[PDB]
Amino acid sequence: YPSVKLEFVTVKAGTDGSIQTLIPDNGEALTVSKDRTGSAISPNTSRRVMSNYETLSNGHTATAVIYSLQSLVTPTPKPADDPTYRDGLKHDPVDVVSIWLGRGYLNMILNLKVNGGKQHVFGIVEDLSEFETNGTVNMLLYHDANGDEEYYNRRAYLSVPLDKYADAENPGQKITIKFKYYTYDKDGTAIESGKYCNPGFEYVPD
């Protein structure tokens, strides 16, 4: 478990790139009264990030004080035939710590065994073969450790966007996300886990 408690949030920058707004997943948008990180994103943009922050209230209105900010991976689900997967599908093992639907994303905290100097590349391999049949979206985690040794535990944060499944001309549509990922079994063998496929994550994009 990490030293600093981190939450999935959205941050917005104003004209100078400084963070002016923090939008918790659980609450309403808050004006950032103080950004102790001194972070700067692209002027007038929003980013889905990890943050340590606190809410301060005067009993009527509250503001956010940011203590830490870090990026998270926002992989767009893509079919196995997409050019990003040209060099083959990679499924280096991970553990799922926590996984849930929230604020238009499929959020997850992963546990990895890393070392250093190698970029861990994440993606979502999309299969829509059952989407017209029963609204099922099949997702397989892509993970390329790039030969990084499995020495130290490290968390990874993913927020899979689900906006592409919303149909404005088909409202009230119930979508079922069935997420698969490779992990180690009790004996240290890498296996494809269907743990989060039964019954899957049901949601109505509205």
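For every residue, the number given is its place in the sequence shown, counted from 1.
field: Of 143-151 and 164-172, the one with larger mean CA B-factor
entry: The stretch with the larger mean CA B-factor is 164-172.
message: Can you tell me whether 79-87 has a higher mean C-alpha B factor than 113-121 in this record, or the other way round?
response: Taking the mean C-alpha B-factor of 79-87 and of 113-121, the larger value falls to 79-87.
query: Out of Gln70, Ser42, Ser33, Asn26, which residue has the highest Cα temperature factor in the PDB record?
result: In this record, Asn26 carries the highest C-alpha B-factor of the candidates.
- prompt: Which is it among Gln20, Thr10, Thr189, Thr15: the one with the largest CA B-factor in the entry?
  reply: Going by the entry's C-alpha B-factors, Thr189 comes out highest.
- request: Looking at the entry's B-factor column for C-alpha atoms only, identify whether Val97 ranks in the lowest, middle or highest third of its chain.
  value: Tercile = lowest for this residue's CA B-factor.
B-factor third for the C-alpha atom of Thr133 within its chain: Tercile = highest for this residue's CA B-factor.
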